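Report on the following structure.
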Amino acid sequence: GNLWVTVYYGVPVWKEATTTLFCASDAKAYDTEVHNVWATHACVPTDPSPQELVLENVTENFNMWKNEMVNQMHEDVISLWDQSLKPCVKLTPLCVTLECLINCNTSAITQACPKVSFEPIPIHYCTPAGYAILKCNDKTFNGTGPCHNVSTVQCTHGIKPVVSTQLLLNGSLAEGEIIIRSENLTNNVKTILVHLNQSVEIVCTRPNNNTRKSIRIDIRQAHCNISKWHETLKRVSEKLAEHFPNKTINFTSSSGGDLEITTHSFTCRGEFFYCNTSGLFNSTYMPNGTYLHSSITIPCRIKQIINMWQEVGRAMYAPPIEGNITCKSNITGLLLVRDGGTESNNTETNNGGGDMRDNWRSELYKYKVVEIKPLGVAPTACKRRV
Amino acid sequence: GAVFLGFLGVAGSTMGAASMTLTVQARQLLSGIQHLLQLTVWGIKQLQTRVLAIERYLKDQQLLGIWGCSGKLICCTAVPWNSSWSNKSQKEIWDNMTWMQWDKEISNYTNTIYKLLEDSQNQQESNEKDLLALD
Amino acid sequence: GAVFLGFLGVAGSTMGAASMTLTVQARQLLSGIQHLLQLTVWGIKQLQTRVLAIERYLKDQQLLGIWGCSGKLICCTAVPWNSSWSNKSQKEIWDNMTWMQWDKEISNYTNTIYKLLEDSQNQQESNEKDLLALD
Amino acid sequence: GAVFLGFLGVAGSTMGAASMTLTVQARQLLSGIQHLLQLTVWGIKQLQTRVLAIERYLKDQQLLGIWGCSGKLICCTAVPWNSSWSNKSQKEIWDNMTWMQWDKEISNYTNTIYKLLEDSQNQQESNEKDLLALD
Ligand SMILES: *[C@@H]1O[C@H](CO)[C@@H](O)[C@H](O)[C@H]1NC(C)=O
Ligand SMILES: *[C@@H]1O[C@H](CO)[C@@H](O)[C@H](O)[C@H]1NC(C)=O
Ligand SMILES: *[C@@H]1O[C@H](CO)[C@@H](O)[C@H](O)[C@H]1NC(C)=O
Ligand SMILES: *[C@@H]1O[C@H](CO)[C@@H](O)[C@H](O)[C@H]1NC(C)=O
Ligand SMILES: *[C@@H]1O[C@H](CO)[C@@H](O)[C@H](O)[C@H]1NC(C)=O
Ligand SMILES: *[C@@H]1O[C@H](CO)[C@@H](O)[C@H](O)[C@H]1NC(C)=O
Ligand SMILES: *[C@@H]1O[C@H](CO)[C@@H](O)[C@H](O)[C@H]1NC(C)=O
Ligand SMILES: *[C@@H]1O[C@H](CO)[C@@H](O)[C@H](O)[C@H]1NC(C)=O
Ligand SMILES: *[C@@H]1O[C@H](CO)[C@@H](O)[C@H](O)[C@H]1NC(C)=O
Ligand SMILES: *[C@@H]1O[C@H](CO)[C@@H](O)[C@H](O)[C@H]1NC(C)=O
Ligand SMILES: *[C@@H]1O[C@H](CO)[C@@H](O)[C@H](O)[C@H]1NC(C)=O
Ligand SMILES: *[C@@H]1O[C@H](CO)[C@@H](O)[C@H](O)[C@H]1NC(C)=O
Ligand SMILES: *[C@@H]1O[C@H](CO)[C@@H](O)[C@H](O)[C@H]1NC(C)=O
Ligand SMILES: *[C@@H]1O[C@H](CO)[C@@H](O)[C@H](O)[C@H]1NC(C)=O
Ligand SMILES: *[C@@H]1O[C@H](CO)[C@@H](O)[C@H](O)[C@H]1NC(C)=O
Ligand SMILES: *[C@@H]1O[C@H](CO)[C@@H](O)[C@H](O)[C@H]1NC(C)=O
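Dropping the structure here:
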């Protein structure tokens, strides 16, 4: 016959929004470790009732680059880092519009800079009311793909606060296997990301061993006796080939520049360990790798005058501690883009990452924040008296 | 539904599932038959949420008012549907498009329906007076 | 009623007493016409109670929803009584068995009534569609 | 309206203004699309207000119950007006006597209206039974 409308309440329909979310973060509120200091001051001890009420046959495109929840975590972290980390003398730049003399005059900013500590907190993200944080048990997606056997949460899972480049420390791991994240193969900047389904050992020790500080008118010299690993890189290459089929697989070019994009740059003693492109960056893949063959060696050392991943401009940290440091880790994956172009003939090379908005997005492809739209419309044969 | 609210179904469960978990949420909550010196602030932040829950809860649970079914959990409106809007029948409807991927199909009529609904509410007011114009 | 809630009567007062103190609670709240450094924590604990009051308040004051009279304070259902349940008439009913000792007399139909009540709600939904199947 | 509540108009704006800002409060909140060691106590005192807001909110937003439109924001009663009460028509009414100076004109019928309103509610209950005395 004819068709008429109904509308009703509460019928889980969670269209998009990406608003503020609150943390769930069990600090100690006692340890001087600034991680927990922030995790309690501006963050809150944990939520004990998360209910992953698993989805049925959803089809939702957990597009991992339209999730401003990730930007929100980003800005939360940038908020964390600065009362966390104390730059002695920050030389940040500025100009005020004057068409070409835009007054880019170096703004020096002095402060006080002692040490505290560094130890991540798996924080979690918590939708506001009427909002639901869709998760994803599938992780593949090609980058953009749903998940059958996941659903909502109340607060999220642990997403820690350490930052590093192409390779993390003390951080997440990968759930099922190694998958990748990108799109079109015409020009290919489109940074690719892998989550590596095993762990790896990275450990740097330096008790004193170098009492003599300078060389001329070494303590900053750090030797990272690590491991050996390689087979995870074989899984690396086999994946790469599964997406780069007919070509071999190199890296072949770490051009350089600002140290933080190329070198393994990771946070320990508040500072980082900066070496060249000599290590583990080399092998080619036609059906074999190209390297060789406990804590043996790899030479990544510390600097002091760093750049910020946060806002452009330098920073000037403190002289280090006498020695006896160590940091372990559990690599979740890696950060890579083809060193591509059009000069190339049938060898293929991947090459590097320094944008956090993905550095903490190999952990949030699942999380899609939504409101509720619990008012719903549908057809019936419902109409009133005349 | 991940929170004090959204409590009439589970995600991924398609429509019919949530629609019926309505009544069982009812029937399941019907009978009822370390603490740190700065746990203060967590309790505090814990507070808002619940209030805001009720607040929003009402805030449009209220303004189901002009929609003629405030307070409750289940409307049935009185409007003629536009097959141009979804053109689907309860069978696939309730069993498919696990709502989150349901309403995006109609992400635009979001306010046209509020339009027609408050419109028919005023329609009822008009007929009430027409009917009362004699006795 | 000893608390922010239970506010529609006094204990020992039999039914009719509480039932009528309903309206006078209404009419009585209608017009409206030392502090220690750790009093903090008492205020704190004082807080919950009031929230939880509203929370439960709604929580089924809400789920009077499926019972067709949420929000309000007084239902009248639409079900046929089972003399097997109490077999009493308003006279002794309201004047005796000061409720606390009233409902124990029917401590078992506690959910049979919710049964029949939500059942008649769905009955109404069914008749609404029967009636709308033509116009 | 200076607070979480009184949210259906602005002072000095006469009646029609506030009456219509009702629906736009609805439509505006529909889509949604230093900290000192003793900031504790301010948050604390900040708390009450919001609760009490909901509390009073309901507390008679509730007892619009016996008034037959609890929960909602807009009644229409069913009583015969006494021109002895205001003797004004919507034109000047809504456009003048910016309410604060409106109701003082009727500062006395404040409870006579509640009288007649709950009275007509009981009138409805009486007619419901009259009508049901046969079927
Ligand atoms: C290129 O790749 C395909 C598989 O995609 C393979 O069958 C083919 O043999 C390759 N080309 C050559 C020259 O082997
Ligand atoms: C809905 O259908 C009616 C007639 O069936 C028509 O008058 C109206 O314009 C339609 N509305 C939309 C939005 O399609
Ligand atoms: C729309 O509904 C009509 C109803 O007769 C049906 O014939 C048609 O196939 C439907 N089309 C789509 C695209 O749903
Ligand atoms: C829901 O969709 C699936 C696949 O599209 C189909 O097999 C199933 O029959 C649909 N449900 C209904 C009730 O038609
Ligand atoms: C969705 O598919 C699953 C597959 O097991 C099935 O159990 C379920 O019934 C389907 N959804 C609905 C609403 O039936
Ligand atoms: C339906 O909603 C979508 C949501 O983006 C919108 O793009 C589209 O224009 C709407 N339909 C029409 C006919 O405009
Ligand atoms: C309780 O007993 C007293 C006797 O002093 C009587 O006045 C009162 O009416 C009784 N309560 C009820 C509810 O009848
Ligand atoms: C309740 O009463 C109805 C009719 O009066 C009867 O059919 C039903 O069996 C009764 N149930 C009980 C439990 O007495
Ligand atoms: C039960 O109800 C009947 C109704 O006729 C009445 O006669 C009888 O006294 C009642 N018995 C009991 C035990 O309440
Ligand atoms: C209440 O019970 C007492 C004795 O238990 C009796 O005297 C009284 O009449 C009863 N109430 C009514 C209204 O009959
Ligand atoms: C009524 O409730 C009591 C509760 O103890 C129970 O023992 C009794 O069996 C119930 N009535 C019937 C007829 O079972
Ligand atoms: C109050 O007077 C102003 C003139 O300053 C006028 O704009 C406004 O309309 C008046 N208020 C109302 C509610 O009309
Ligand atoms: C109110 O009006 C009714 C009839 O319109 C009349 O019977 C009654 O006396 C009036 N009362 C007052 C106070 O004006
Ligand atoms: C009172 O109402 C009558 C009704 O016709 C009207 O003529 C008269 O002007 C009104 N007087 C006042 C003071 O409102
Ligand atoms: C309100 O009063 C003013 C002055 O008395 C007048 O100009 C205005 O027209 C009145 N409002 C209406 C709707 O007549
Ligand atoms: C109307 O209210 C005023 C308020 O001051 C009061 O003085 C007056 O007596 C009331 N009207 C009548 C007729 O009593």
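Chains as they are written, first to last, in my numbering: chain Y, 892 to 1277; chain E, 3 to 137; chain D, 3 to 137; chain V, 3 to 137. By construction, the Cβ of each residue, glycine as well, lies at the ideal position given by its N, Cα and C atoms.
- By the neighbour-count criterion, in which 16 or more other beta carbons inside 10 Å mark a residue as buried, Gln63(V) falls on the buried side.
- In this structure, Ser15(D) has its beta carbon at no less than 7 Å from each heavy atom of ligand 14.
- Neighbours of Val53(D) in chain E, taken as residues whose beta carbon is under 9 Å from its own, are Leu49, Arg52, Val53 and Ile56 in chain order.
- When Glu943(Y), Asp1249(Y), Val935(Y) and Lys1194(Y) are compared, the shortest CA-CA separation from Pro1211(Y) is found for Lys1194(Y).
- Residue contact check for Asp132(D) against chain E: no CB pair falls below 8 Å.
- In this structure, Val1041(Y) keeps its C-beta atom at 8 Å or more from the C-beta atom of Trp101(E).
- Here the C-alpha atom of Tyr111(E) lies approximately 34 Å from the C-alpha atom of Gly67(V).
- Counting along the chain, the unbroken beta strand (DSSP E) around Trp895(Y) starts and ends at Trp895 to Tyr899.
- Look at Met22(E): its C-beta is not under 8 Å from any C-beta on chain Y.
- By the CB criterion at 8 Å, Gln1045(Y) and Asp938(Y) fall inside the cutoff.
- Going by DSSP, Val1261(Y) is part of the beta strand (DSSP E) stretching over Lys1259 to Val1261.
- Here the C-alpha atom of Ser940(Y) lies approximately 38 Å from the C-alpha atom of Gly3(V).
- Scanning chain E for C-beta atoms nearer than 8 Å to the C-beta of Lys61(D) yields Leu31, reported in chain order.
- Spanning the alpha carbons of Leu49(E) and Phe6(E) requires a straight line of approximately 12 Å.
- When Cβ pairs closer than 8 Å are counted between the two stretches, the stretch 13-21 of chain V is seen to touch the stretch 89-106 of chain V, the count reaching three or more.
- What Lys1274(Y) touches in chain D, judged by beta-carbon distance under 9 Å, is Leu134 and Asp137, going in chain order.
- Per DSSP, the continuous alpha helix (DSSP H) segment holding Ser21(D) begins and ends at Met17 to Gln30.
- Residue side-chain check: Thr114(D) keeps its Cβ at 7 Å or more from all non-hydrogen atoms of ligand 2.
- Following the DSSP letters along the chain, one finds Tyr59(E) inside the alpha helix (DSSP H) bounded by residues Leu41 to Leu65.
- Of all residues, those with a beta-carbon under 6 Å from at least one heavy atom of ligand 8 are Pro82(D), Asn84(D) and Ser86(D), reported in chain order.
- An exposed status is given to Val1080(Y), since fewer than 16 other beta-carbon atoms sit within 10 Å of its beta-carbon.
- Across the stretch 63-74 of chain V, CB contacts with chain D closer than 8 Å involve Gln64, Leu65, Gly67, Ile68, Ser72 and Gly73, in sequence order along the chain.
- Relative to the Cα of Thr1102(Y), the nearest Cα in the group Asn1215(Y), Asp1230(Y) and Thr1047(Y) belongs to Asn1215(Y).
- Under the 8 Å Cβ criterion, the stretch 1197-1206 of chain Y counts as touching the stretch 967-981 of chain Y, having at least three qualifying pairs.
- Put simply, the backbone Cα of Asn954(Y) is about 30 Å away from that of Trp929(Y).
- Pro1211(Y) has a beta carbon lying at 8 Å or more from every beta carbon in chain E.
- Listed in chain order, the beta strand (DSSP E) runs fully inside the stretch 892-963 of chain Y are 895-899 and 913-915, counting runs of at least 3 residues.
- Here the alpha carbons of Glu1133(Y) and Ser1145(Y) stand approximately 23 Å from one another.
- Rounded to whole angstroms, the gap between the alpha carbons of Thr1153(Y) and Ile1197(Y) is 14 Å.
- The Cβ-Cβ distance between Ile1187(Y) and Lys1130(Y) does not fall below 8 Å.
- The beta-carbon distance between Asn1221(Y) and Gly1062(Y), rounded to whole angstroms, is 7 Å. This is short enough to meet the 8 Å contact definition.
- Neighbours of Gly45(D) in chain V, taken as residues whose beta carbon is under 7 Å from its own, are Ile46 in chain order.
- With distances taken between CA atoms, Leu10(E) lies nearest to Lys74(E) out of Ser122(E), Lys74(E) and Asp137(E).
- Listed along chain V are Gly34 and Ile35, each with a C-beta nearer than 8 Å to that of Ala908(Y).
- In this structure the stretch 1252-1266 of chain Y does not lie against the stretch 1156-1171 of chain Y, because fewer than three pairs of beta carbons, one per stretch, are closer than 8 Å.
- Taken atom to atom, the span from the alpha-carbon of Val12(E) to that of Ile1024(Y) is near 13 Å.
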